[PDB]
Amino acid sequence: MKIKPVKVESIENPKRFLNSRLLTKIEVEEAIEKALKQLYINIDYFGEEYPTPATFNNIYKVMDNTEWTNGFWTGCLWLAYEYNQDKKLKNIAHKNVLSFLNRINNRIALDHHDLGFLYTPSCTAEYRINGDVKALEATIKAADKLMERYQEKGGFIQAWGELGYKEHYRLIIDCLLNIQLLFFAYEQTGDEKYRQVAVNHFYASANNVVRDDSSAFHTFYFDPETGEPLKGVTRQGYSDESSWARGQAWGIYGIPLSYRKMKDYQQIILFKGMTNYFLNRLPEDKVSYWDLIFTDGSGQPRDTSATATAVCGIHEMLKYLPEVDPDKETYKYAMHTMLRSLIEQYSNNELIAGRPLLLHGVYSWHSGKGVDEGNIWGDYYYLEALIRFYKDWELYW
């Protein structure tokens, strides 16, 4: 399948990245250890329950297993467990896994496309780590649940809402992270249908939700009768003309993740477009404002979760990017600079119950949800970035 041309911006003023110091083992180690101190404090705070999607005055509230974000908590626990092999972490994380198994068995709060966010960092994670059969069971059942939203007309996984209904007949860019679940199900079962849906969804996204200038729509609508693409909508950003930071980051990470399983060089080019766009709109400290139209002096809040996610994406793509790519070294230095800023300026220093790992995210600006607050996916991707740098990490995704 052909991907439409996108503008690939040159990485403007690349010395801003290349002149930086690479992160050392001790620097990353100390960041991991500081994060783990907070995680241990929070295991007692949350018990068998979960952080809310975002913090409130930098303190999480406690909730049950009914959001799109619960898996990110379990993911933090598994990442920590990989770092220190503490049976206590496995104990609580595996209890989360059993809760996720209960959730899919009873089809509780799962009529949406976020099955991957929920089940990948929780259940698939455990399967990677120790091959737990209930973790596998939950993962496959979750994959089947996700498959239920696939639309043959347009070849995409429909976002939450009424299935097949024109006014809801759309994909959202974050679904790029959720099709990884389907690639896993394909690998485990040999059932081609999983892979076909993932691949079709990828191209439907690439050709439509990614714009000609390499920026990202949040949502893209299709015609339920013909399957034709209709229009993109820039949801969650400041204005119609703006550039929501996390949407860009979902592309930056979702593309290389899918590339692992598809190996289409068009995906590397699409990555270069989206990543250069993101890099060019970073402020002085290389940490994205919540909308990329804002830079230093705007007085707008950052969205650190977008930057954490982009770091993971760049790290992933660099595993595959040819050595002869003239920007490969720039990308390496870029991800180091970005992660350094997160560690040194945005990571949590106050070790008290309910604090996040990472401060200054924005969940949903217009809805006033988690505005300049920690959030659980930002915490997760920050710790994933740390673990990525520190070891040869086997992806949950």
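One rule holds for the numbers: they count along the sequence shown, beginning at 1.
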Of 28 to 36 and 65 to 73, the stretch whose C-alpha atoms average the higher B-factor in the entry: 28 to 36
Segment of higher mean CA temperature factor, 83 to 91 or 245 to 253: 83 to 91
Identity of residue with top Cα B-factor, from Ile268, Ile173, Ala198, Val133: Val133
Candidate residues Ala353, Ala334, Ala54, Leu357, the one whose C-alpha B factor the record puts highest: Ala353
Chain-wide C-alpha B factor ranking for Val233, given as lowest, middle or highest third: highest
Chain thirds of CA B-factor: placement of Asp379: lowest
Modelled-residue ranking by C-alpha temperature factor, third containing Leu395: lowest
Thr330 CA temperature factor, ranked by third within the chain: lowest
Position of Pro322 among the chain's modelled residues by C-alpha B-factor, lowest, middle or highest third: lowest
